[PDB]
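Below is one structure, written out as structure tokens, with a few remarks after it.
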Amino acid sequence: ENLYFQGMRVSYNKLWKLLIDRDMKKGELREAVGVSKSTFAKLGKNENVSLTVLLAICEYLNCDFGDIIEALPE
Amino acid sequence: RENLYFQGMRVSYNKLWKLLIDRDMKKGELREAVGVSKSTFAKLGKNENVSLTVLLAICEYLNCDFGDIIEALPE
């Protein structure tokens, strides 16, 4: 668009802590939710994915957005 | 290209409106300040998905985090 704020970035580091705190492997999450290898790699690189992917992860994990994503400074 | 096994939840932006209410901000002020397009802003009012880039811009302007503006709720 023409957004006047471009100084922050997504981080999925809370998702990985959640998995480690519940003794879940990342491959287990990918296969359970049905996320593509390509989209899953975006998570590992903190690249944007669709809210539909994030909703599916929230659904499987019984959690909410703030449990898996954080806005941090670039 | 995405065949997700879970499709039962939807985004809600109702926390965003609460935040504006708590800060005495109008929805129109938010849109102009952040520079969100009219069509994209309309998607917020309908709880339709928008890019994380738009939501990061809103977080930045409001000095808040994703959980302050979106919630995952049953369809």
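By order of appearance in the structure tokens: chains A, B, ..., then residues from 1 within every chain, and ligands from 1 in the order shown.
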List as JSON lines every residue of chain B that is in contact with chain A, defined as an atom at most 6 Å from one of its atoms (using only C-alpha atoms), together with the nearest atom pair and the distance in Å rounded to one decimal, sorted by chain and then rising number.
{"residue": "B:4", "atom": "CA", "partner": "A:34", "partner_atom": "CA", "distance": 4.7}
{"residue": "B:5", "atom": "CA", "partner": "A:33", "partner_atom": "CA", "distance": 5.3}
{"residue": "B:6", "atom": "CA", "partner": "A:56", "partner_atom": "CA", "distance": 5.0}
{"residue": "B:34", "atom": "CA", "partner": "A:4", "partner_atom": "CA", "distance": 5.5}
{"residue": "B:35", "atom": "CA", "partner": "A:3", "partner_atom": "CA", "distance": 4.6}
{"residue": "B:36", "atom": "CA", "partner": "A:3", "partner_atom": "CA", "distance": 5.9}
{"residue": "B:57", "atom": "CA", "partner": "A:5", "partner_atom": "CA", "distance": 4.8}
{"residue": "B:65", "atom": "CA", "partner": "A:71", "partner_atom": "CA", "distance": 5.7}
{"residue": "B:66", "atom": "CA", "partner": "A:66", "partner_atom": "CA", "distance": 5.9}
{"residue": "B:67", "atom": "CA", "partner": "A:66", "partner_atom": "CA", "distance": 4.3}
{"residue": "B:72", "atom": "CA", "partner": "A:64", "partner_atom": "CA", "distance": 5.5}
Requested write-out: C-alpha atoms of the selected residues, as a PDB file, in the first residue's frame:
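What ended up in result07.pdb:
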ATOM      1  CA  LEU B   4      -4.799 -26.959   5.819  1.00  0.00           C
ATOM      2  CA  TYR B   5      -6.466 -29.542   8.068  1.00  0.00           C
ATOM      3  CA  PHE B   6      -7.977 -26.807  10.219  1.00  0.00           C
ATOM      4  CA  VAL B  34      -1.244   4.735   9.298  1.00  0.00           C
ATOM      5  CA  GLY B  35      -1.889   5.186   5.586  1.00  0.00           C
ATOM      6  CA  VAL B  36      -4.069   2.139   5.102  1.00  0.00           C
ATOM      7  CA  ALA B  57       1.910  -0.838  10.690  1.00  0.00           C
ATOM      8  CA  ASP B  65       1.319  -5.986  19.770  1.00  0.00           C
ATOM      9  CA  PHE B  66      -0.757  -8.398  17.658  1.00  0.00           C
ATOM     10  CA  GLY B  67      -2.711  -9.767  20.614  1.00  0.00           C
ATOM     11  CA  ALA B  72      -8.638 -16.042  16.683  1.00  0.00           C
TER      12      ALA B  72
END
Give me, as a list in words, all polymer residues having an atom no more than 10 Å from residue 15 of chain B, counting only C-alpha atoms and skipping those fewer than 3 positions away in the same chain.
residues 12, 18, 19, 20, 21, 66, 67, 68, 69, 70 and 71 of chain B
Mind writing the picked residues with N, CA and C atoms as a short mmCIF file (atom, residue, chain, number, x, y, z; two decimals), in the first residue's frame?
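Contents of the output file again09.cif:
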data_model
loop_
_atom_site.label_atom_id
_atom_site.label_comp_id
_atom_site.auth_asym_id
_atom_site.auth_seq_id
_atom_site.Cartn_x
_atom_site.Cartn_y
_atom_site.Cartn_z
N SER B 12 -10.77 -11.87 14.23
CA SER B 12 -11.61 -10.73 14.62
C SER B 12 -10.74 -9.55 14.93
N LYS B 18 -11.81 -1.71 20.37
CA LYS B 18 -11.78 -1.46 21.80
C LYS B 18 -10.59 -0.56 22.15
N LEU B 19 -9.44 -0.85 21.53
CA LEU B 19 -8.26 -0.05 21.81
C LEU B 19 -8.51 1.41 21.40
N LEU B 20 -9.08 1.61 20.22
CA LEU B 20 -9.37 2.98 19.77
C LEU B 20 -10.34 3.62 20.75
N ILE B 21 -11.36 2.88 21.15
CA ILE B 21 -12.33 3.45 22.09
C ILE B 21 -11.62 3.87 23.39
N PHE B 66 0.34 -7.78 18.40
CA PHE B 66 -0.76 -8.40 17.66
C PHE B 66 -1.93 -8.79 18.54
N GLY B 67 -1.65 -9.32 19.72
CA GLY B 67 -2.71 -9.77 20.61
C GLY B 67 -3.56 -8.64 21.18
N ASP B 68 -3.14 -7.40 20.91
CA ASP B 68 -3.92 -6.23 21.34
C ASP B 68 -4.94 -5.85 20.25
N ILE B 69 -4.78 -6.40 19.05
CA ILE B 69 -5.66 -5.99 17.93
C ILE B 69 -6.36 -7.10 17.17
N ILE B 70 -5.87 -8.35 17.28
CA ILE B 70 -6.56 -9.46 16.61
C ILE B 70 -6.76 -10.61 17.58
N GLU B 71 -7.80 -11.39 17.31
CA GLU B 71 -8.10 -12.56 18.11
C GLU B 71 -8.55 -13.67 17.16
#
Could you please write out, as a VMD selection string, every residue of segment 39-75 of chain B that DSSP assigns to strand (DSSP E or B)?
chain B and resid 71 to 74
N, CA and C atoms of the current selection, written as a PDB file, in the first residue's frame:
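What ended up in part20.pdb:
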ATOM      1  N   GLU B  71      -7.803 -11.386  17.306  1.00  0.00           N
ATOM      2  CA  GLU B  71      -8.104 -12.557  18.109  1.00  0.00           C
ATOM      3  C   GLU B  71      -8.548 -13.666  17.157  1.00  0.00           C
ATOM      4  N   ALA B  72      -8.191 -14.904  17.470  1.00  0.00           N
ATOM      5  CA  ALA B  72      -8.638 -16.042  16.683  1.00  0.00           C
ATOM      6  C   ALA B  72      -9.887 -16.597  17.370  1.00  0.00           C
ATOM      7  N   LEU B  73     -10.992 -16.612  16.638  1.00  0.00           N
ATOM      8  CA  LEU B  73     -12.304 -17.006  17.253  1.00  0.00           C
ATOM      9  C   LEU B  73     -12.971 -18.073  16.391  1.00  0.00           C
ATOM     10  N   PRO B  74     -13.841 -18.881  16.966  1.00  0.00           N
ATOM     11  CA  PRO B  74     -14.582 -19.868  16.165  1.00  0.00           C
ATOM     12  C   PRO B  74     -15.387 -19.195  15.048  1.00  0.00           C
TER      13      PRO B  74
END
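Atom CA of residue 53 of chain B sits 15.1 Å away from atom CA of residue 39 of chain B.
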Taking only residues of segment 24-60 of chain A that have an atom at most 9 Å from an atom of segment 12-17 of chain A, what is each one's shortest atom pair and its distance in Å to one decimal, using only C-alpha atoms, in chain and number order, as CSV?
residue,atom,partner,partner_atom,distance
A:26,CA,A:16,CA,7.8
A:43,CA,A:12,CA,6.4
A:44,CA,A:12,CA,7.6
A:45,CA,A:12,CA,8.6
A:46,CA,A:12,CA,6.0
A:47,CA,A:12,CA,8.9
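Near residue 45 of chain B, within 10 Å and counting only C-alpha atoms, sit residues 12, 13, 14, 17, 27, 40, 41, 42, 43, 47 and 48 of chain B; same-chain residues fewer than 2 positions away were not included.
Between atom CA of residue 54 of chain B and atom CA of residue 3 of chain B lies a distance of 24.8 Å.
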Could you please determine the separation between atom CA of residue 25 of chain A and atom CA of residue 42 of chain A in Å, to one decimal place?
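If I compute the distance from atom CA of residue 25 of chain A to atom CA of residue 42 of chain A, I get 16.8 Å.
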Can you work out which one of B:2, B:10, B:30, B:23 has the shortest atom-to-atom distance to residue 59 of chain B, counting only C-alpha atoms?
B:30
